[PDB]
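What follows is my_file-v4.cif (mmCIF, C-alpha atoms).
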data_query
#
loop_
_atom_site.label_atom_id
_atom_site.label_comp_id
_atom_site.auth_asym_id
_atom_site.auth_seq_id
_atom_site.Cartn_x
_atom_site.Cartn_y
_atom_site.Cartn_z
CA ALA A 1 43.02 -44.59 -63.52
CA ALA A 2 44.77 -43.54 -66.73
CA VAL A 3 41.80 -43.67 -69.11
CA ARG A 4 40.73 -41.00 -71.58
CA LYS A 5 37.29 -42.45 -72.28
CA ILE A 6 34.43 -42.49 -69.78
CA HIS A 7 31.03 -44.19 -69.54
CA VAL A 8 27.82 -42.40 -68.57
CA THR A 9 24.61 -43.83 -67.13
CA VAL A 10 21.55 -42.21 -68.70
CA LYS A 11 18.34 -42.66 -66.72
CA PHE A 12 14.84 -42.23 -68.11
CA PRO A 13 11.58 -42.62 -66.14
CA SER A 14 10.58 -45.48 -68.43
CA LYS A 15 13.99 -46.99 -69.19
CA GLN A 16 17.73 -46.76 -68.56
CA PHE A 17 20.75 -46.99 -70.86
CA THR A 18 24.51 -46.40 -70.82
CA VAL A 19 26.64 -44.53 -73.35
CA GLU A 20 30.34 -44.23 -74.17
CA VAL A 21 31.96 -40.80 -74.40
CA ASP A 22 35.34 -39.08 -74.12
CA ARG A 23 36.34 -37.20 -70.97
CA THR A 24 37.70 -34.30 -73.02
CA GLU A 25 34.45 -33.94 -74.95
CA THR A 26 31.75 -31.51 -73.81
CA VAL A 27 28.38 -32.47 -72.33
CA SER A 28 26.87 -31.55 -75.70
CA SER A 29 28.70 -34.58 -77.09
CA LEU A 30 27.06 -36.64 -74.35
CA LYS A 31 23.75 -35.13 -75.44
CA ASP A 32 24.62 -36.14 -79.00
CA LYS A 33 24.90 -39.74 -77.82
CA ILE A 34 21.58 -39.41 -75.99
CA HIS A 35 20.02 -37.95 -79.13
CA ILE A 36 21.34 -40.88 -81.15
CA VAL A 37 19.74 -43.32 -78.71
CA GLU A 38 16.50 -41.36 -78.38
CA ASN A 39 14.12 -39.75 -80.86
CA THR A 40 14.03 -36.39 -79.08
CA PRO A 41 15.93 -33.26 -80.19
CA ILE A 42 18.72 -32.01 -77.93
CA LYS A 43 17.19 -28.53 -77.75
CA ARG A 44 14.17 -30.11 -76.05
CA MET A 45 15.86 -32.82 -73.99
CA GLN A 46 16.72 -31.81 -70.42
CA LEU A 47 19.73 -33.19 -68.57
CA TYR A 48 20.25 -33.49 -64.81
CA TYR A 49 23.44 -34.77 -63.19
CA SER A 50 23.51 -36.40 -59.76
CA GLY A 51 23.40 -33.35 -57.52
CA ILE A 52 24.28 -30.46 -59.81
CA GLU A 53 22.41 -29.69 -63.03
CA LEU A 54 24.80 -28.76 -65.83
CA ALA A 55 23.15 -26.20 -68.10
CA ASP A 56 26.42 -25.38 -69.85
CA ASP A 57 26.67 -27.19 -73.19
CA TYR A 58 30.30 -26.17 -73.62
CA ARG A 59 31.41 -27.54 -70.25
CA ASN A 60 33.81 -30.46 -70.64
CA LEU A 61 32.88 -33.76 -69.00
CA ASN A 62 36.20 -34.23 -67.20
CA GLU A 63 36.25 -30.59 -66.08
CA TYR A 64 32.74 -31.00 -64.68
CA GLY A 65 33.58 -34.19 -62.81
CA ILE A 66 31.90 -36.77 -65.02
CA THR A 67 33.38 -40.22 -64.42
CA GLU A 68 32.82 -43.81 -65.54
CA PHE A 69 30.23 -44.05 -62.76
CA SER A 70 28.40 -40.85 -63.68
CA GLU A 71 24.67 -41.04 -62.96
CA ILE A 72 22.66 -38.64 -65.13
CA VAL A 73 18.87 -38.38 -65.29
CA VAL A 74 17.48 -37.22 -68.62
CA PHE A 75 13.98 -35.86 -69.23
CA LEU A 76 12.11 -35.93 -72.54
CA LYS A 77 9.82 -33.14 -73.76
CA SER A 78 6.78 -33.65 -75.98
CA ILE A 79 7.96 -33.43 -79.59
CA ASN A 80 6.91 -34.30 -83.14
CA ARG A 81 8.49 -37.43 -84.62
CA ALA A 82 6.04 -37.91 -87.49
CA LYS A 83 7.26 -39.54 -90.70
CA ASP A 84 10.33 -40.84 -88.87
#

Rewrite the coordinates I just gave you, this time as structure tokens.
Amino acid sequence: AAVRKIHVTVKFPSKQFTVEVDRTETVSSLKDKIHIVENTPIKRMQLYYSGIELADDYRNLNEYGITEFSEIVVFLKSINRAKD
């Protein structure tokens, strides 16, 4: 395919949701999208990718092998969302 945008499947234990990102953007941009959807800070949120866990925020999605079928499981830590 000749497409510069990619879709990512974000799986939570309670719910699932999909997000739209660019292949040339870093996983931190994917985390930004997750943060927008969720109420949990990125510094707390943990991200696991089918098979290999990417701990490198600065790693690009395309360079890491993230496609339009990417399956990523995301874990939420206990945080404080008072007065939100």

*So how far away is CA of residue 84 (chain A) from CA of residue 54 (chain A), in Å?*
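Atom-to-atom, CA of residue 54 (chain A) and CA of residue 84 (chain A) are spaced 29.8 Å apart.
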
*asked:* Using only C-alpha atoms - which residues lie no farther than 7 Å from the point (33.4, -46.6, -71.2) in the file's frame? Write them as a ChimeraX atom specification.
replied: /A:5-7,20-21,68

*Selected residue, from A:72, A:32, A:77, A:38, that lies nearest to residue 51 (chain A) when counting only C-alpha atoms*: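 Ranked by minimum distance to residue 51 (chain A), first place goes to A:72.
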
_Env of residue 30 (chain A): 9 Å cut, atoms = only C-alpha atoms, seq-sep filter 3 positions within chain, self excluded. Answer as a list in words._
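Residues meeting the cut-off are residues 8, 19, 20, 21, 22, 25, 26, 27, 33, 34, 35 and 61 of chain A.
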
*Among listed residues A:66, A:37, A:73, A:42, nearest residue 13 (chain A) (using only C-alpha atoms)*: A:73

*asked:* Taking all atoms listed in the file into account, name the residue in A:31, A:4, A:83, A:44 that is nearest to residue 57 (chain A).
replied: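 Nearest to residue 57 (chain A): A:31.
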
*Any chance you could work out the residue set of the PyMOL selection byres ((chain A and resi 81) around 10) here, as a list in words?*
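Given this file, the PyMOL selection byres ((chain A and resi 81) around 10) evaluates to residues 39, 40, 41, 78, 79, 80, 82, 83 and 84 of chain A.
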
Spatial sel., origin (13.0, -37.3, -69.8), limit 7 Å, only C-alpha atoms, listed as a CSV table (one decimal) with C-alpha atoms, keeping the file's coordinate frame:
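Result file selection.csv:
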chain,number,residue,atom,x,y,z
A,12,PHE,CA,14.8,-42.2,-68.1
A,13,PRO,CA,11.6,-42.6,-66.1
A,45,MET,CA,15.9,-32.8,-74.0
A,46,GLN,CA,16.7,-31.8,-70.4
A,74,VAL,CA,17.5,-37.2,-68.6
A,75,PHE,CA,14.0,-35.9,-69.2
A,76,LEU,CA,12.1,-35.9,-72.5
A,77,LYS,CA,9.8,-33.1,-73.8

*Quick one, how far is CA of residue 63 (chain A) from CA of residue 24 (chain A)?*
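So the two atoms, CA of residue 63 (chain A) and CA of residue 24 (chain A), lie 8.0 Å apart.
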
*Separation of CA of residue 14 (chain A) from CA of residue 50 (chain A), in Å and rounded to one decimal*: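 Computing the Euclidean distance for CA of residue 14 (chain A) and CA of residue 50 (chain A) yields 18.0 Å.
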
Enclosing box along x, y and z for every listed atom of region 43-53 of chain A, padded 3 Å each side, centre and size in Å, one decimal, as lines of an AutoDock Vina configuration file:
center_x = 19.2
center_y = -32.5
center_z = -67.6
size_x = 16.1
size_y = 13.9
size_z = 26.2

*Looking at A:23, A:18, A:3, A:70, which one is nearest to residue 48 (chain A), with distances taken over all atoms listed in the file?*
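Selected residue with least distance to residue 48 (chain A): A:70.
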